[PDB]
Amino acid sequence: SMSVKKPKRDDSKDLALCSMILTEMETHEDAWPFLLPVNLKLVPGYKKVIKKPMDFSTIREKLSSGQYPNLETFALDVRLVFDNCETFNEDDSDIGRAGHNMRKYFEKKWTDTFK
């Protein structure tokens, strides 16, 4: 509350560390469904169904331009990529499996870097 604060957690490296995580997600062999925005002209149903499209290149541009206020807004966009994937793709599909694999990969890096 006013003039009453928990001890200051050092967040000065968060930007660099989210960049490193994002690099590792970018270079994973199962990243290919997620590297670029879904083409809304060429994929029937996507525009109407997925209210907030997100992809790794969009996260990279947001990260590089100071559009994440803190490390949690960064995690929310990464998770959005996988949530969108599950919304549109069957689990038993190459893309559906890719999304589960990448979500697992991300959540481990996230816990190990920050928790």
# chains A, B, ... in the order shown; residues from 1 in each chain; ligands from 1
$ select_by_dssp --residues "stretch 22-64 of chain A" --states "alpha helix (DSSP H)" --output "number ranges by chain"
A: 22-27, 46-49, 56-64
$ write_last_selection --atoms "N, CA and C atoms" --output "CSV table (one decimal), in the first residue's frame"
chain,number,residue,atom,x,y,z
A,22,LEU,N,12.9,-16.3,-26.5
A,22,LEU,CA,12.2,-16.2,-27.7
A,22,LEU,C,13.1,-16.7,-28.8
A,23,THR,N,14.5,-16.4,-28.7
A,23,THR,CA,15.4,-17.0,-29.7
A,23,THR,C,15.4,-18.5,-29.7
A,24,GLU,N,15.3,-19.1,-28.6
A,24,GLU,CA,15.3,-20.5,-28.5
A,24,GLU,C,14.0,-21.1,-29.0
A,25,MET,N,12.9,-20.4,-28.8
A,25,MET,CA,11.6,-20.8,-29.4
A,25,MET,C,11.6,-20.7,-31.0
A,26,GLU,N,12.2,-19.6,-31.5
A,26,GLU,CA,12.4,-19.3,-32.9
A,26,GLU,C,13.2,-20.4,-33.6
A,27,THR,N,14.2,-21.0,-32.9
A,27,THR,CA,15.1,-21.9,-33.6
A,27,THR,C,14.7,-23.4,-33.3
A,46,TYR,N,-10.1,-18.3,-40.2
A,46,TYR,CA,-9.1,-17.8,-39.1
A,46,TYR,C,-9.4,-16.4,-38.6
A,47,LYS,N,-9.7,-15.5,-39.5
A,47,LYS,CA,-10.0,-14.1,-39.1
A,47,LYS,C,-11.2,-14.0,-38.2
A,48,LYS,N,-12.3,-14.7,-38.5
A,48,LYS,CA,-13.5,-14.7,-37.7
A,48,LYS,C,-13.4,-15.4,-36.3
A,49,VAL,N,-12.7,-16.5,-36.3
A,49,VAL,CA,-12.6,-17.4,-35.1
A,49,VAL,C,-11.6,-16.9,-34.1
A,56,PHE,N,5.4,-15.6,-33.4
A,56,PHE,CA,6.7,-15.3,-32.9
A,56,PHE,C,7.3,-14.0,-33.5
A,57,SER,N,7.1,-13.8,-34.8
A,57,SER,CA,7.6,-12.5,-35.4
A,57,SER,C,7.0,-11.2,-34.8
A,58,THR,N,5.7,-11.3,-34.5
A,58,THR,CA,4.9,-10.2,-33.9
A,58,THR,C,5.4,-10.0,-32.4
A,59,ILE,N,5.6,-11.1,-31.7
A,59,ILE,CA,6.2,-10.9,-30.3
A,59,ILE,C,7.6,-10.3,-30.4
A,60,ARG,N,8.4,-10.8,-31.4
A,60,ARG,CA,9.8,-10.2,-31.5
A,60,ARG,C,9.7,-8.7,-31.8
A,61,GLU,N,8.8,-8.3,-32.7
A,61,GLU,CA,8.7,-6.9,-32.9
A,61,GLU,C,8.2,-6.0,-31.7
A,62,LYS,N,7.3,-6.6,-31.0
A,62,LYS,CA,6.8,-6.0,-29.8
A,62,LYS,C,7.9,-5.9,-28.7
A,63,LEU,N,8.7,-6.9,-28.6
A,63,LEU,CA,9.8,-7.0,-27.6
A,63,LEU,C,10.8,-5.9,-27.9
A,64,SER,N,11.2,-5.9,-29.2
A,64,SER,CA,12.3,-5.0,-29.6
A,64,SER,C,11.9,-3.5,-29.6
$ closest_residue --among "A:110, A:8, A:67, A:97" --to "residue A:79" --atoms "only C-alpha atoms"
A:110
$ closest_residue --among "A:16, A:40, A:4, A:102" --to "residue A:83" --atoms "only C-alpha atoms"
A:102
$ closest_residue --among "A:34, A:76, A:21, A:5" --to "residue A:96" --atoms "only C-alpha atoms"
A:34
$ residues_around --residues "residue A:84" --least-positions-apart "4" --cutoff "9 Å" --atoms "only C-alpha atoms" --output "list in words"
residues 50, 51, 52, 53, 54, 79, 80, 88 and 89 of chain A
$ atom_distance --atom1 "atom CA of residue A:73" --atom2 "atom CA of residue A:6"
20.9 Å
$ closest_residue --among "A:42, A:98, A:17, A:2" --to "residue A:71" --atoms "only C-alpha atoms"
A:17
$ closest_residue --among "A:15, A:31, A:36, A:75" --to "residue A:109" --atoms "only C-alpha atoms"
A:75
$ atom_distance --atom1 "atom CA of residue A:28" --atom2 "atom CA of residue A:86"
18.7 Å
$ residues_around --residues "residue A:55" --least-positions-apart "5" --cutoff "8 Å" --atoms "only C-alpha atoms" --output "ChimeraX atom specification"
/A:34-38,78,81
$ write_last_selection --atoms "N, CA and C atoms" --output "mmCIF file, in the first residue's frame"
data_model
loop_
_atom_site.group_PDB
_atom_site.id
_atom_site.type_symbol
_atom_site.label_atom_id
_atom_site.label_comp_id
_atom_site.auth_asym_id
_atom_site.auth_seq_id
_atom_site.Cartn_x
_atom_site.Cartn_y
_atom_site.Cartn_z
ATOM 1 N N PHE A 34 4.410 -21.170 -36.330
ATOM 2 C CA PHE A 34 4.335 -20.032 -35.385
ATOM 3 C C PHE A 34 5.255 -18.899 -35.764
ATOM 4 N N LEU A 35 6.075 -19.030 -36.795
ATOM 5 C CA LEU A 35 7.122 -18.022 -37.090
ATOM 6 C C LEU A 35 6.574 -16.720 -37.612
ATOM 7 N N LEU A 36 5.476 -16.818 -38.333
ATOM 8 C CA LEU A 36 4.889 -15.684 -39.033
ATOM 9 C C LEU A 36 3.430 -15.642 -38.779
ATOM 10 N N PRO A 37 2.798 -14.480 -38.983
ATOM 11 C CA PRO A 37 1.354 -14.414 -38.801
ATOM 12 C C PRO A 37 0.604 -15.347 -39.785
ATOM 13 N N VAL A 38 -0.448 -15.948 -39.294
ATOM 14 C CA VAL A 38 -1.364 -16.757 -40.147
ATOM 15 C C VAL A 38 -1.901 -15.824 -41.232
ATOM 16 N N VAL A 78 3.062 -15.230 -25.608
ATOM 17 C CA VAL A 78 3.603 -16.495 -26.026
ATOM 18 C C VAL A 78 2.464 -17.558 -25.858
ATOM 19 N N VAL A 81 -0.231 -17.617 -28.500
ATOM 20 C CA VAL A 81 0.162 -18.315 -29.725
ATOM 21 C C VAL A 81 -0.340 -19.790 -29.583
#
$ atom_distance --atom1 "atom CA of residue A:68" --atom2 "atom CA of residue A:108"
20.8 Å
$ residues_around --residues "residue A:95" --least-positions-apart "4" --cutoff "9 Å" --atoms "only C-alpha atoms" --output "PyMOL selection string"
chain A and resi 30+32-33+85+89-91+99-100
